[PDB]
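First, one chain by itself in structure tokens, the form deposited in one PDB entry.
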């Protein structure tokens, strides 16, 4: 069960890769320790390969089997349909990698005969050949981070593995309707992707408050995708086949798991053979649903193994939160050790071992945590934050560069209630949109796995719908939260919060004087700045 087998061949780039922040005049006003902000490249690909390559041992027991039976019973109440070639094309992402067979994502979306003809041929092949492993390409991702001191520092580039565009569209034809419906039915309230930030918070908080003495922990699996075995991917297929599906859907799902999901060969961007995969591919339709199902399965079983009492789970990828009743500090510590023992048997050991927590604010998963502030009436309001280091580092990058993804705008939307998105991100970018003549100009923005064309002036209305009117009135943030933000600004050389407020006082006035919907932005987004 070796997760990967490699050959000499290198994981290679497809174009120029920048690894370092530039020196913009605008960038330095946000952030002045510019040697801390980097970007992964193929140069580090080999370090990542080393980490993600190991033999997997997996030993199942009745806890696993009992949970899996309960899951299949739930799956058996799901019905799902085939998408037609046309529906799958229309649901294809705008900016996904072009096909080797002469068409790209925009051709797919506009139902180009070239795309449609090819996808029909790929479908027929999936139905008629259930064995030939399907080609994939492997690439090192280009993501922006901030360096860490106390940790090792510089992370290697993540690896992505994906089949051709044509195959990706067939995946949607066979499984889009499954992957969109099945998870919620099987996992119910534990299925994290159903929640907006406020609803996730509402779930964790009501869950937390229902225990007499609450204890929670997060868990995150070391190299999760590599820990996923052929057993795991076959179990997944067996859950999908519990569904009520069309005959042709069944055939394509079985075929896709034999030819693609289970494993297959890996090829370079130059066309060379890099090796063989026997674990989860990170770039298939089924990655998110599969990781979530498999993490839930193993974690549910592992909670029974550790005898955790009145457990409640929340799962996104391999990102897991558990909230249960405390048995006491030494009891909880021992239980956690037994929880990760079971998980490790099931093949999924943790990056860092979990730690029991008695303060909900201190539980981090999906890079996020719950925290408290007060609304205009002084009432306690709970909301989702995260450490602002990465959002700021990518904000500094996107100030100095094009970027067809606007992570700053995604962060303002998702984290609109936070101290840091309000004082720093909203101020910095409205200042730049004010100086350039560009308040009316729509921007591309990737959030919750989709690409939106966002008018900056729509932000008041977006934030209100997503978070509610309170997002414009929060005050009296937690000492821990305030602390973390201030210490992150010092670490990165971004100006302290008192500077951001002055700049925002001026940003607010300039928006107000500009009159219409610009002034609406000034009122709502920056009401915090003016007494």
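Residue numbers count along the first chain shown, from 1. Rigid core: the largest C-alpha set superposing within 1.5 Å between the two forms.
The next section is about a form of this same protein that is not shown, the form deposited with a small molecule bound.
Peer 1: Although the small molecule is absent from this view, report whether residue 316 comes within 4.5 Å of it in the bound PDB entry, heavy atoms only.
Peer 2: Contact with the small molecule, yes.
Peer 1: Flag residue 197 as yes or no: does it have a non-hydrogen atom within 4.5 angstroms of any non-hydrogen atom of the small molecule in the bound PDB entry?
Peer 2: Within the cut-off, so yes.
Peer 1: Verify the contact flag for residue 176: yes if a non-hydrogen atom of it lies within 4.5 Å of a non-hydrogen atom of the small molecule in the bound PDB entry, no if not.
Peer 2: It does not: once the small molecule is placed as it appears in the bound PDB entry, residue 176 has no heavy atom within 4.5 Å of it.
Peer 1: Answer for residue 101 alone: is it within 4.5 Å of the small molecule in the bound PDB entry, judged on heavy atom distances?
Peer 2: Judged by the heavy-atom cut-off of 4.5 Å, residue 101 is well away from the small molecule in the bound PDB entry.
Peer 1: Looking at 411, 347, 207, 137, which has any heavy atom no more than 4.5 Å from the small molecule in the bound PDB entry?
Peer 2: When the small molecule is considered in the bound PDB entry, the option within 4.5 Å is 411.
Peer 1: From the list 297, 75, 85, 384, which entry has a heavy atom within 4.5 Å of the small molecule in the bound PDB entry?
Peer 2: The residue from 297, 75, 85, 384 that makes the contact is 384.
Peer 1: Heavy atoms within 4.5 Å of the small molecule in the bound PDB entry: which stretch among 128-136, 335-343, 267-275, 411-419?
Peer 2: Contact-bearing stretch, as computed: 411-419.
Peer 1: Please look at 268, 309, 142, 446 and say which one has a C-alpha shift reaching 2 Å or more between the shown form and the other one, core superposed.
Peer 2: It is 446; the other listed residues stay below 2 Å.
Peer 1: After a rigid core superposition, would you say the CA of residue 520 moves by 2 angstroms or more between the shown form and the other one, or not?
Peer 2: The answer is yes, as the C-alpha of residue 520 shifts between the shown form and the other one by 2 Å or more after core alignment.
Peer 1: Take the rigid core as the frame of reference and indicate whether the C-alpha of residue 457 shifts by 2 Å or more between the shown form and the other one.
Peer 2: For residue 457, whose C-alpha is compared between the shown form and the other one after core superposition, the shift is 2 Å or more.
Peer 1: Determine whether the C-alpha of residue 111 shifts by 2 Å or more between the shown form and the other one once the rigid core is superposed.
Peer 2: The answer is no; the displacement is under 2 Å.
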